[PDB]
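> Experimental coordinates for this protein are included below, preceded by the sequence.
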Amino acid sequence: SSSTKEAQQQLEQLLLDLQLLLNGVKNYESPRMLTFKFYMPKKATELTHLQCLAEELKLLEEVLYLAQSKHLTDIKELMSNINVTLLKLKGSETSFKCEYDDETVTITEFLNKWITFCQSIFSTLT
């Protein structure tokens, strides 16, 4: 199923991108960012839920860019690839919904949980 293969390929790339982004956060972020806590989605189980990742990246990428020990050329290129990949996985629905947990997360947790979500979504691409 070649549109399935294309979606699998893009999700594999997004997985590579998120892991690499996480590696960078752990190695390169000032320990000040350790205490930064924010809200993130529950329950992401289908391809259309990746819109909830794109939605939060609009401002979180700006956080990542400023949070970096000073580099930025490579983080910008990495986040650009993430963004292109999510665009290629986006459907044509004109609106979407996200449910958030009131318990906050760090950037490191956010990324580990989204990797986990993406790996679960991957097994739905029948």
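Cool, the structure landed. Numbering: from 1, shown residues only.

> quick one: the longest helix seen in the chain to chain centroid distance?
Counting by DSSP state H, the longest helix found in the chain is helix 2-28. Average the C-alpha atoms of helix 2-28, do the same for its chain, and the two points are 8 Å apart (C-alpha atoms, centre = their mean, to the nearest Å).

> List the buried residues of it.
7, 10, 11, 13, 14, 15, 17, 18, 21, 22, 24, 25 (16 or more other C-beta atoms under 10 Å). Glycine gets a C-beta too; all of them are placed from N, C-alpha and C.

> Please apply the same query to stretch 99-114.
Counting neighbours by 16+ other C-beta under 10 Å, the buried set in stretch 99-114 is 105, 107, 110, 111, 113, 114.

> Quick check, the fourth one in contact with residue 21.
By that I understand residue 111. Yes. With contact defined as C-beta atoms under 8 Å, residue 111 and residue 21 form a contacting pair (6.3 Å).

> Please give me every residue in contact with residue 81.
Counting by C-beta atoms under 8 Å, 6 or more residues apart in numbering, residue 81 makes contact with 13, 17.
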